[PDB]
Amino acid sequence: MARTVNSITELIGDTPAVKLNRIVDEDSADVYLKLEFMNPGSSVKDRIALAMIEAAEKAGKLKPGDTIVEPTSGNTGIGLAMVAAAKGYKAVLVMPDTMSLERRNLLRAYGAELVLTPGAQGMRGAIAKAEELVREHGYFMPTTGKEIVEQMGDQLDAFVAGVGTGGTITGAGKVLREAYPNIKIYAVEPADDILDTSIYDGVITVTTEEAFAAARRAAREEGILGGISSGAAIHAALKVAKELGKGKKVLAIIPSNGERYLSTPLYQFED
């Protein structure tokens, strides 16, 4: 059970699922939280970062020590910086200039080179700058479901995940529906020629207030400390769980750890 590997990237994935025992009413289905912050980069985005780079390698678009440019932000940026370092690639991350000095310290610690774009232009601005760098320098610019089946075994009634996890949802769903034909999949979002409906059955909207409440509660009562998007998923999972009722099972994705959001109002206290 104690494992030995050749690279930290091999640690990405196979995240554990923890059954909730206190914040769930006696009437609800059982709720399980898959902790993606258990990834080496501490977020579900370690997965997409690894996948992006492995696709580039498989496609012969990358050779040892090559430079890769990528317009990115948030947890995906951290994931790419870590993966690039472990793989030996030189990462040039084009990111909206909205992060703190310490975040830049983190990214640079992995050897990533940062190119900061206008904060007000968001990703569009980053994307534009990256395409610019490519034309000037010629830089190269480029499992969750399986794990869930293994962990949930023969039964899973509902799957819940934030829209911030994007393709993770999209990809895990194909596996889940095949293992659990009757499963319902819900995409969770901030309150703020046949159609394919396979990605999700319904959208669940959660207010920042509801999100804060759920994350604070799970942290206090279960010792599970997630970020804001995590509180939203928890609230959604509890909601769905109440409708399903006893004997049923719900699993939700916890994308990141609260330790990365201590400067936000999430765990802000009076003093």
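One-based numbering along the sequence shown.
- The entry shows an unbroken chain from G167 to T168, with no unmodelled residues of the deposited sequence in between.
- Coordinates are lacking for 10 or more deposited residues between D192 and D193.
- The mean C-alpha temperature factor is higher for 205-213 when 29-37 and 205-213 are set side by side.
- Set 143-151 against 104-112 and average the Cα temperature factors; 143-151 ends up higher.
- As recorded in the PDB entry, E243 shows the highest C-alpha B-factor of the residues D46, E243, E222, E70.
- Remark: of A130, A86, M99, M123, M123 shows the highest value [criterion: C-alpha B-factor in the PDB entry].
- Compared with the other modelled residues of the chain, the Cα B-factor recorded for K249 ranks in the middle third.
- For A232, the recorded CA temperature factor ranks within the middle third of the chain's modelled residues.
- Among the modelled residues of its chain, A59 has a C-alpha B-factor that falls in the highest third, as given in the PDB entry.
- Ranked by Cα temperature factor within the chain, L176 sits in the middle third according to the deposited record.
- Among the modelled residues of its chain, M1 has a C-alpha B-factor that falls in the highest third according to the deposited record.
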